[PDB]
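See structure below.
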Amino acid sequence: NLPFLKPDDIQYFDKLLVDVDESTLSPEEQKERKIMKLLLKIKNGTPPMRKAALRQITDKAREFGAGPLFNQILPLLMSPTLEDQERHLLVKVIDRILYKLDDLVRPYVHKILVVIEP
Amino acid sequence: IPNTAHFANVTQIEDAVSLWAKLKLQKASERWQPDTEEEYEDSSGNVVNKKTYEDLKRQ
Amino acid sequence: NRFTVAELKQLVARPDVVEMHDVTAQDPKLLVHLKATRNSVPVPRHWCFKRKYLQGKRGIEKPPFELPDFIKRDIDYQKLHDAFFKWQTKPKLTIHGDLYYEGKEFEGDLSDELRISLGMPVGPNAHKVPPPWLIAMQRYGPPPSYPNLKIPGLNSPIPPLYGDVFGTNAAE
Amino acid sequence: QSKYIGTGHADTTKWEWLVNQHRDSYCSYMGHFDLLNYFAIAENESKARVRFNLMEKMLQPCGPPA
Amino acid sequence: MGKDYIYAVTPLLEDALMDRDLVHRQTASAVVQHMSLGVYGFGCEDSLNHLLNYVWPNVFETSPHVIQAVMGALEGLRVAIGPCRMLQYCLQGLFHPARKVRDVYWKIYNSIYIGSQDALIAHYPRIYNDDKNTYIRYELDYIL
Amino acid sequence: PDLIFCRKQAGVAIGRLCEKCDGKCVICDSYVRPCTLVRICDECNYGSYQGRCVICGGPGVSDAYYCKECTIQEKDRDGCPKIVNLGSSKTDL
Amino acid sequence: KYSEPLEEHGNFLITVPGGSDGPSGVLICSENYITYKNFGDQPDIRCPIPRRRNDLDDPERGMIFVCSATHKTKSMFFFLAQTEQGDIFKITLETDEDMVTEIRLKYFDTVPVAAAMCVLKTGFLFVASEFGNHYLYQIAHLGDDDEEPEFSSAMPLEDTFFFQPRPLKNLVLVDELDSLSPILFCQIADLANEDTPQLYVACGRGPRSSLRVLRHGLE
Amino acid sequence: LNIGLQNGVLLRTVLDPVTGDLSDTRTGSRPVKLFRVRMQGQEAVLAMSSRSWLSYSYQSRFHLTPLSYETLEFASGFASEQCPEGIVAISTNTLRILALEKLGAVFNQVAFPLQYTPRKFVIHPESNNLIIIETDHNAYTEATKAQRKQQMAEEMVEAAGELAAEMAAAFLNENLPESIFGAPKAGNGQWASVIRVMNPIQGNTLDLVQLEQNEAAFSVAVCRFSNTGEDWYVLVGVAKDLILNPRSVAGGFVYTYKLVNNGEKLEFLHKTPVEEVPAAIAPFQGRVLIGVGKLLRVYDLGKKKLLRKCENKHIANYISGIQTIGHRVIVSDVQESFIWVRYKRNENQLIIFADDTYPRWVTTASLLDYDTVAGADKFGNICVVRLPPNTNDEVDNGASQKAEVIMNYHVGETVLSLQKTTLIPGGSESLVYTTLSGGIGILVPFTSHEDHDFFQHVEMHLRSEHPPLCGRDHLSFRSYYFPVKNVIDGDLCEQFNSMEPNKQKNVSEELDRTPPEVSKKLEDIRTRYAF
């Protein structure tokens, strides 16, 4: 019973809108991409329903893949549509991922250094 | 059994007798706390109650 | 699956304030012990009543709020504060634990008016003017219910009697 | 965590009430001064002794089903 | 300024606190709660007890908008009277058999617990010791 | 009409209020004799939250206080007195 | 960051000053056992409590330090720990600058029960009495490094080191703060020939307990 | 400038080009002479009168105390080699050069060592000798300590050596004082007790009576007996195996001594037993009213044991006190408040007349009036309560008739002794109370409603002007348990002399009085009720 969708979140809004079956036929660990839609639930949704996504990802970042996780988390906040509250939520999510993925954040150092610098 | 307030919610026989007995005049508020200790010896003996010392001093 | 109304009333050391509905709680001994407080105040009478303490006697017949004389007996300068803050009466109500029930509100000396209506004259200076009930006390004797009572003529001297006081109790 | 810790609710057991009673009655003993310099005169022990005793008693006092 | 004249207004609030209506109850409770806080520790606890005698039986009210008028009154009376008497009232029903009677007594106890947390410690009764545990707080019955 | 509050760790941030919601206390909701100043948590003054009313939730025009009948009752010693609930959450209109 | 159980319930917590001024670590003092534990690549070190020799109490009671203190020298940091009996031990420490090695204790003196001990500079130690008068003692001698038996934690045993209670040697009570607490009973009366009735107050605690006549006037 | 008249009256007034505010006081009934002295670097006024006084400013307080010495004829300030800063007083045919090191204080201490924790006194008006008790749990008696030392020596001699036998003999022959080694951890229930009888004139312990390693002591009294003669008889309490935490006592006893040696001895007459640890004793119209456990019993002179002349087992939880009114006994429970029972002599029955409402943990009590009795608590509070005016002593969950607390408030320490007495001859007697932290205190009643309103306004202003440095509100730290009533907090009402000058001026203008006038008004009470 989440709130309505938005055209600005069309980057990964094919989960609740289209038949994006990551468990039926898709690459390995494709459900983490749907976790980005869960990130939308953290942005678009209720406060408890939004914090539940972070509380779940805190115990799932180690079993999600550092490469795809970074490639899906960095561009999400790199876009100009990162609002103030959206920027705070993205920063908290990245901090939680780093606290979960400590050694995995090493290969992605070239990414955040190119994103967090500006 | 006397009509007491504690026996209000009671509705039985044996229980009524047990209440009239246990809730009777217990050790508290005894017979004025009798302690006479008559002068028949003046140095020992004090178990004489209010009636023992009276009979000891009368005769 | 719980102690009966008699087993839970005899095992306790103070069944004088035992309640039938209290024996069906989760901890009857604990409730009996808590109810045995020194000077606490129990639950009100509206615990089980389903009338709300207002629907039964809904026909109240009494004044809403009688004006107290502590304040009623430019508005006033030398008498307003001198009658409310000076001639004030202390409200004498319940002290500690008179919890409001459903209703809670519905449940040798003679007066001068009775002596004037009975036809008895006032007390003279030095004479004998007894009441008509004193002749039977002088004839039969003093009353055994009140031996310390004194009457003028029998036990009290005639010069005593002052105004409407036709007797005095002298406790020894 | 700190929602309502210190008191139960409608069906709180008597033991679980006395446990909170003692657990919050010793904190007024280890912290308050008159009720801590008064117990070290009766038991005839130092402040540290009585305080450590009261702290160790906070494990499960009142009679624990452990 | 209520401490100077509070006994002359006690019956006026008591008559309104009676079982008159459902809207004439919140007003008396609000008057009591706003007068207790104003006469806090000024020496007018007698009239406060007179009013509390009537304000207590009104606790049993199913009106969701009428409980707060009495809940606030109780929360003010706990902090302006001392738990030594409020808890004394609220102790008799702390384990009442009724499931809907403890729902209010435990709520009032919680409201009187967070306020004066350690102030009510020297206010509880002597819970006697059962054979299955050590309930009596014997560490406070010294003579020194 | 039961309003909720944040009730987090009261930081070192002072309170605020709107031009219409400046008098009443954030908890007592009364205009009678403000006693002490209200505060907020760390998530109450952060970026967009800088200088926001604790009752109206918009612009700040003054400092949020407590009522004298609400500070004597030790109500101010609770968490963040920010008026936020499921409806008055971060993602609100 | 760190979490480690303990063999005994530590009553106190003392910090071994870390950095250039010695290594860092905890200095817990449980019942009859002082355990120093520097978190990291440094094992713990336990040392029994050197109770008094030829005692008269229940031997099953492990004495715990009732207070603590410290000092800041160039490199010699001290710990004037007040045991439950009152024998202030100068519990020093020795290590290889990276891991603790031993904690040499010694019966420096024997003062009353220490509720507060301020071992400041200028040769002064504030022995606050748990009940009764307080003291401000001057540290005349060196305190440590004397002929007293240096009790450490490396010397094994099987039976704490029962050291005899030596008199006041490494300290001198420079001042005595007349603490009239804890008062146990009072009675106002003019028992003497003074027109102003004095106040006879029985105060103190056990051995330090006493009686005191307070006269309302300038001594 | 201060001028003392021929009598003890003396008036001092601040200096100015013309005369200013002046006050008066008696130091009296003798020639009130004045002299100048040099103390604390400043000047001071030495008043030679029936009681030699010294007045001077210190710590922003005009400290005016009496000199702890006999009166003299004249005085002067001597500052020489033998006395760099002292006073040379010329008495009757003598010149004494004396110096005092006291900077600021009201009471001078004369100490006397003791053995255990004292817990009671006794006034012997026949000889003016004090009879105190000492007791301590987990301790050793004198004979018990000697036997323990001998047993320890015998056990240590069971080694092989036998070369260290001399060392064991020396260890058993030495004597380490308790002040140097504290005291041994003498078991969990090993009790120690003793009774002392001394004279306050010196440290002369007129008599000492020890006890076994399990006998105890919790009460003492020195009363007479109508059955016996006028010979003063002492009655002391004793416990036996009164193990606390958990509370498990074994018995109690009452020792009756004849007060031998006219106050320097005591003949062990009778040891009356009891199944409960006694905790009080007092002459109730010529009888020993002992409260054992939860039963108050009036005993009389017993040749072999105290006879139970009367009894009443209507005590709530524990009778930890008793009072001696002319006709009623205001017993003080140890779990609830006081109960003012009546002892009908004609009926010879002790009936619990009226109890209280609040669960006051009574620790000390005192009949402040014929019916209004005050007392302390176990948490630190203090409450003075009285029964209603119309209460017939024949009528009677709670007693038939009930009373309510008049004035109760938090203090800060347990008031172990709240005695209604006059601390200085000249002012009305106030309630002087002790505390469990050494700080003595006084409670003075008002006399005029105007001064009461002034003090109330001053306290209400200072409660918002000067905030407590702890952080908590004033009423929270003054009514921490019970709301204050008719008791202005003098601890904060007089703490305005050390405030900001602007705040002082504001508080003075708000009170409609000058800051100096406000200080004079605040000090007038302390001068008319204290030293």
Q: Report the FRET efficiency, 1/(1 + (r/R0)^6), for B:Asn3 and C:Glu172, where r is their Cβ-Cβ distance and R0 is 25 Å, rounded to 0.05.
A: 0.10
**Q.** Long-range tail of P(r) for chain E (Cα pairs > 25 Å, %)
**A.** 34
**Q.** Built amide H within the under 5 Å cut-off of G:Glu31, gap 5+
**A.** G:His9, G:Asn11
Q) Ranking H:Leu98, A:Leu113 by Cβ neighbours within 10 Å, fewest first, what do you get? A) A:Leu113, H:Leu98
Q. Peptide B:42-50: average number of partner chain Cβ atoms within 10 Å per residue?
A. 2
Q | Where labels lie 7 Å past Cα in the beta-carbon direction, separation of H:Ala111 and B:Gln59 in nm | A | 6.8
Q: Among E:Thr62, C:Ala136, E:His96, pick out the residue whose Cα is farthest towards the positive end of the charge dipole of the protein assembly as shown, where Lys and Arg carry +1 and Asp and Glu carry -1 on C-beta, about the Cα centre.
A: C:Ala136
Q | Sorted by Cβ neighbour density within 10 Å, fewest at the top, the residues E:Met86, H:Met39, G:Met76 | A | G:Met76, H:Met39, E:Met86
Q: Convert each backbone phi in segment C:27-37 into a coupling constant with the Karplus relation 6.51 cos²θ - 1.76 cosθ + 1.60 (shift: θ = phi - 60°), then list the ³J(HN,Hα) values in order as whole Hz, x for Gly and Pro.
A: 9, x, 5, 5, 5, 5, 5, 5, 6, 8, 4
Q) Considering only E:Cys44, A:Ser79, G:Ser68, whose Cα is most displaced toward the positive end of the charge dipole of the protein assembly as shown, charges sitting on Cβ of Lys, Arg (+1) and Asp, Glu (-1)? A) E:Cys44
(Q) Give me the mean projected area, in nm² to one decimal, of the convex hull enclosing the Cα positions of segment F:4-84. (A) 4.4
**Q.** 0 to 90° range, to nearest 10: angle between helix E:64-81 axis and chain E longest Cα axis
**A.** 70
Q) Which shape class, rounded, prolate or oblate, goes with segment A:41-108 when its Cα gyration tensor gives a ≥ b ≥ c as root eigenvalues, a/c under 1.5 marks rounded, and past that a/b bigger than b/c marks prolate? A) oblate
(Q) Given a Förster distance of 45 Å, report the FRET efficiency between E:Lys3 and H:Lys344 from their Cβ-Cβ distance, rounded to the nearest 0.05. (A) 0.60
Q.
Step by step: find N for chain H, compute 2.2 N^0.38 Å, then divide the Cα radius of gyration by it. What's the final number?
A. 1.18
Q. So what are the radius of gyration and Dmax for the Cα set of segment H:370-411, in Å?
A. 12.2, 36
Q. Looking at D:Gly8, D:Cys27, D:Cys62, which one has the Cα that reaches farthest to the positive end of the dipole of segment D:1-65 (charges on Cβ: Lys, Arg +1; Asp, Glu -1)?
A. D:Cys27
Q | Exposure proxy ranking, count of Cβ atoms within 10 Å, fewest first, for H:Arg463, H:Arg224 | A | H:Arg224, H:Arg463
Q. What Kirkwood radius, in Å to one decimal, follows from the Cα pairs of chain G?
A. 19.3
Q) For segment A:111-116, in order, what is each residue's ³J(HN,Hα) by Karplus, 6.51 cos²θ - 1.76 cosθ + 1.60 with θ = phi - 60°, in whole Hz (x at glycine and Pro)? A) 7, 4, 4, 8, 9, 6
Q. In this model, which of B:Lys27/D:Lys57; H:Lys265/H:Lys309; A:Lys15/A:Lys60; B:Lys57/H:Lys265 are farther than 31 Å apart at the alpha-carbon?
A. B:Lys27/D:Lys57; B:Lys57/H:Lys265
Q | Spread of Cα-to-Cα distances over 10 Å intervals beginning at zero, given as percent, for segment G:38-102 | A | 17, 41, 32, 10, 1
**Q.** Considering only segment H:328-463, percent of DSSP beta bridges that pair antiparallel, nearest 5
**A.** 90
Q. Working from the pairwise distances between different alpha carbons, so that the mean of 1/r is found and then inverted, what is segment D:1-65's Kirkwood radius in Å?
A. 13.0
Q: Find the centroid of the Cα atoms in segment H:26-85 and in segment D:1-41, then give the distance between the two in whole Å.
A: 55
(Q) Compute, for chain D, the length of the dipole vector about the Cα centre, with Cβ point charges of +1 (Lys, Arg) and -1 (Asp, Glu) only. Units Debye, rounded to 20. (A) 120
Q.
Give me the mean projected area, in nm² to one decimal, of the convex hull enclosing the Cα positions of the protein assembly as shown.
A. 80.7
Q) Reachable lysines from G:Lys74, Cα under 28 Å, same-chain residues fewer than 8 places away excluded? A) G:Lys37, G:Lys90, G:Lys106, G:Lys121, G:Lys169
Q) Which value in Å is the Kirkwood Rh of segment H:27-82 over different Cα pairs? A) 11.9
Q. Given the options F:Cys44, F:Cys35, F:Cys80, which has the most mean-square fluctuation in a GNM of chain F, springs set between C-alpha atoms less than 10 angstrom apart?
A. F:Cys35
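No lab work stands behind these numbers, since they all come straight from the coordinates. Reconstructed Cβ throughout: ideal geometry from the backbone, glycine too, with neighbour counts over all protein chains shown.
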